[PDB]
């Protein structure tokens, strides 16, 4: 199957597959079952920012998700991505809804990858606006691009209303050389801003930044808790 590294913003506690019992940020290493999570107070209708940092030297992948009021959740996990990911990846954003739903609107997304040495290859991109025809994004599933200049990872009605049973991803068009055996530093960071809104009995299921093999597609049966990322909950 695909190889996945993700930072999930998991709005829906699927405790029966190992979620903690609250919305959480988590770090997923080849499994929807986060290796580390932190409780996350998802702020309905508020614009959140998720910052993801992989420090290749410290071998530590960290994430924070914050809201303008300063409330944040952080998670770090010690991992050497050289041992996890293929050298070449796509990077992307994934979201899903299930029986419960929420908007999984991306308002901005940037990524920087650097491979040093022995000089530097780098890739940076920044989206503060997404066009109707956002040619440098591979949209998968229900993901669509704006207006309102946004990336809507999952189905939302034109009049704002999240759809259940939706899964969508957007991967940057170019493959990213995420590590190299001879790379002294293979670091990357990503940030995205998001607006998760639910009228629902509960928001679900979340948004993930993910890093996948280049040919990654939405696994069959990965709406809901899986979060467009994984074929199963193992």
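Residue numbers count along the first chain shown, from 1.
According to the entry, the stretch of the deposited sequence that connects residue 118 to residue 119 contains 1 to 3 residues lacking coordinates, which leaves a short gap in the model. Averaged over their C-alpha atoms, the temperature factors of 161-169 and 61-69 are higher for 161-169. For the pair 196-204 and 25-33, the mean B factor over Cα atoms is greater in 196-204. Highest CA B-factor among 136, 78, 102, 148, as stated in the entry: 148.
Of the residues listed, 183, 190, 176, 47, the entry assigns the biggest Cα temperature factor to 183.
Ranked by C-alpha B-factor against the other modelled residues of its chain, residue 94 falls in the lowest third. Among all modelled residues in this chain, the alpha-carbon of residue 114 has a temperature factor (C-alpha) in the middle third. When the modelled residues of the chain are ordered by C-alpha B-factor, residue 215 sits in the highest third. Residue-level temperature factors show residue 106 in the lowest third of its chain, judged at the C-alpha atom. Ranked within its chain, residue 14 lands in the middle third, by CA B factor from the PDB record.
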